[PDB]
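So the structure is just underneath, and the comments pick up after that.
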Amino acid sequence: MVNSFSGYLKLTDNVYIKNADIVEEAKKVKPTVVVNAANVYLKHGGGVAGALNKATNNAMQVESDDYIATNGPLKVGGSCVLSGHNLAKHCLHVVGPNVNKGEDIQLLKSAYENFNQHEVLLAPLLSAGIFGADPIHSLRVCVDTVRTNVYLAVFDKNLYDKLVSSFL
């Protein structure tokens, strides 16, 4: 079905990419699902998580603290669905491995598998940015793992251009 995502470059049958600030893109589109680059404690301090949480006026963090108090930490490679607040219907909090914590990059595939539970998502590249993985690798795993329709927002223009120009 037609959707309102605009200005994306089509990489494959199901994967699209744009140089965009995921906060602004979520505010404009109000997608059914926005993906957060979460950690196991849902402590949304920085990176994508800090930015999304700030845009919710800390409501995402308040909700997340209750989630953790009830359920305990997520697994690396795991996820949970919480409110999307003012950004989306739902936020899919997905934990990619953090290379700066020594976590196994193979868990990146498991992390992306969570996307297949949703027909359409707005998402960042998992484990990129402050999580320390190579974004080119993250994009490859995304394309080779996600079968549902995923609209990727890449914050940095230089990285966006490199991701497009190196894509196989």
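Position 1 is the first residue of the sequence; numbering continues from there. Because only heavy atoms are used, hydrogens play no part in the values below, and waters and symmetry mates are left out as well, while side chains stay in.
Contact record, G47 with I130: N-CD1, 3.7 Å, taken as the closest heavy-atom pair.
Side-chain N or O atoms of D65 include none that pairs as donor or acceptor with a backbone N or O of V62 at under 3.5 Å. Of the possible donor and acceptor atoms, one in the side chain of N98 sits under 3.5 Å from a partner among the backbone N and O of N100. Without hydrogens or angle criteria, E63 side chain to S83 main chain gives a donor-acceptor distance under 3.5 Å. At least one donor-acceptor pair under 3.5 Å links the side chain of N114 to the backbone N or O of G77. Counting only distance, with no hydrogens or angles, the side chain of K10 and the backbone of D13 share a donor-acceptor pair below 3.5 Å. A donor-acceptor distance shorter than 3.5 angstrom exists from the side chain of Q61 to the backbone of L42, with no hydrogens or angles considered.
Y151 and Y8 have perpendicular rings, their planes meeting at more than 60° on a 0 to 90° scale where under 30° would count as parallel.
A 4.5 Å side-chain heavy-atom check between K28 and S6 finds at least one atom pair inside the cut-off. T145 places none of its side-chain heavy atoms less than 4.5 Å from the side chain of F115.
Rounded to the nearest 0.5 Å, atoms NE2 (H93) and CG (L74) are 9.0 Å apart. Rounding to the nearest 0.5 Å places OH of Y160 at 11.5 Å from CG of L125.
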query: After noting the C-alpha distance and the side-chain angles of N116 and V146, does the key distance pass the side chain to side chain contact (heavy atoms under 4.5 Å, CB included) rule?
result: CA-CA 6 Å; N116 290 321; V146 182; 3.9 Å; yes
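By the 6.0 Å contact criterion, CD on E24 is enclosed, its count of non-hydrogen atoms from other residues, nucleotides or ligands being greater than 12. Surrounding NZ of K30 are more than 12 heavy atoms belonging to other residues, nucleotides or ligands, all under 6.0 Å away. In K89, the NZ atom is not crowded: 12 or fewer heavy atoms of neighbouring residues, nucleotides or ligands sit closer than 6.0 Å. Taking a 6.0 Å sphere around NZ of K43, one finds it holds 12 or fewer heavy atoms contributed by other residues, nucleotides or ligands.
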